[PDB]
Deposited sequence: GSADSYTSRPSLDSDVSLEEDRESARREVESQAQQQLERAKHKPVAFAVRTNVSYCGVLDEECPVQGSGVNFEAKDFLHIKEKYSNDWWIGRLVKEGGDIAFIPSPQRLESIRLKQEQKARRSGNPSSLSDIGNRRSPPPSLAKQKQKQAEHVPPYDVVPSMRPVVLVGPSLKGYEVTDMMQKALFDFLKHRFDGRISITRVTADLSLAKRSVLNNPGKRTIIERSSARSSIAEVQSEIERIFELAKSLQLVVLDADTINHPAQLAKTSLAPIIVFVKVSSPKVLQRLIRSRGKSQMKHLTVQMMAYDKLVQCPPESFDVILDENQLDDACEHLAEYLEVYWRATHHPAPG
């Protein structure tokens, strides 16, 4: 009806007016959704579509059932997004047809960049190889990046300092600037897997164990003593599945590893802007 053509028209005018509004917050989805099928969508054909573990930038709220935002991927058009409420409905109306974990996790508007490997942090080889990358980033993305240290154990996400650091990370990402964390306690992807930080794990992967072993020897007797715990840490990371990391710096030349990481962060920047 007539009053329906105005609502849809206006709904669509709210959708476009929001096209350039600030990113209120972000969510990582825990379920898939096919909005192109959702008939109740305020505007036929404006429903977002996403698989589980995707990221969404919420611009504004339309109603209790719908938000307005977009998928965090290049060419991510603004759209209507079902709220946890509406998703719950849908989850139940598909339950009755067969004869609690939330649909969304609120995450930082920019996923925290975190480095792991080639081995244990605290030792010269890993610390220096990662230091070289932090310096490169401080330079390549100067003007739109924040690189900060976190000594608090984030994998716990003292429990007060941890909370305070979680909040600090959210604040840093609010401006949509790149956020890189030099987190001393994170040596393995699984240590952040159950947090709500949804980091961009960058694996600095040394080709072979023989090589890493010789890099350690290059450091001197002091480092060589802790040879066994560095090699084990290396084995654990290497025994991890690919999907466990977002970026795998595979190259043996620093500048190539840097360009790899930069290309990736540049695609991310376009995706979030």
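Enquirer: Point out each run of deposited residues with no C-alpha coordinates, keeping the order of the sequence.
Expert: Missing CA coords at 1 to 22, 122 to 151, 210 to 230, 347 to 351.
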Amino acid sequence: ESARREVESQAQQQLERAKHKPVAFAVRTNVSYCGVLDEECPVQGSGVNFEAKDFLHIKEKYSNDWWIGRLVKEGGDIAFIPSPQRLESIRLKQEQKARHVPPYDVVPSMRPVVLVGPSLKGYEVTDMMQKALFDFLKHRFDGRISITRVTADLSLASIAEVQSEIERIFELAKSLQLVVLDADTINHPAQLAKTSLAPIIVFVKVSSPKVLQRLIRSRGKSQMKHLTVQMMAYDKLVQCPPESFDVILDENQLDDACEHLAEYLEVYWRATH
From here on, numbers count along this sequence of modelled residues.
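Enquirer: With reference to the PDB entry, specify whether the mean Cα temperature factor is higher for 164 to 172 or for 115 to 123.
Expert: The deposited B-factors put 164 to 172 ahead on the C-alpha mean.
Enquirer: Read off the CA B-factors in the entry, average them over 25 to 33 and over 234 to 242, and name the higher stretch.
Expert: The entry gives the higher C-alpha B-factor average to 234 to 242.
Enquirer: So if I compare the CA B-factors in the entry for 41, 212, 56, 52, which one is the largest?
Expert: The C-alpha B-factor peaks, among 41, 212, 56, 52, at 41.
Enquirer: If I read the C-alpha B-factors straight from the PDB entry, which of 200, 87, 197, 129 is highest?
Expert: Comparing C-alpha B-factors across 200, 87, 197, 129, the maximum falls on 87.
Enquirer: Divide the modelled residues of the chain into thirds by Cα B-factor and specify which third, lowest, middle or highest, holds residue 222.
Expert: Highest third of the chain for residue 222's C-alpha B-factor.
Enquirer: Pull the Cα B-factor of residue 143 out of the PDB entry and bin it into the chain's lowest, middle or highest third.
Expert: As the PDB entry reports it, the C-alpha B-factor of residue 143 lands in the lowest third of its chain.
Enquirer: Going by the CA temperature factor in the PDB record, which third of the chain does residue 179 belong to: lowest, middle or highest?
Expert: According to the entry, residue 179 has a C-alpha B-factor in the chain's lowest third.
Enquirer: Residue 150: which third of its chain by C-alpha temperature factor?
Expert: It belongs to the lowest third of the chain when residues are ordered by C-alpha B-factor.
Enquirer: Going by the entry, which third of its chain does the Cα temperature factor of residue 159 land in?
Expert: Answer is highest: the recorded C-alpha B-factor places it there.
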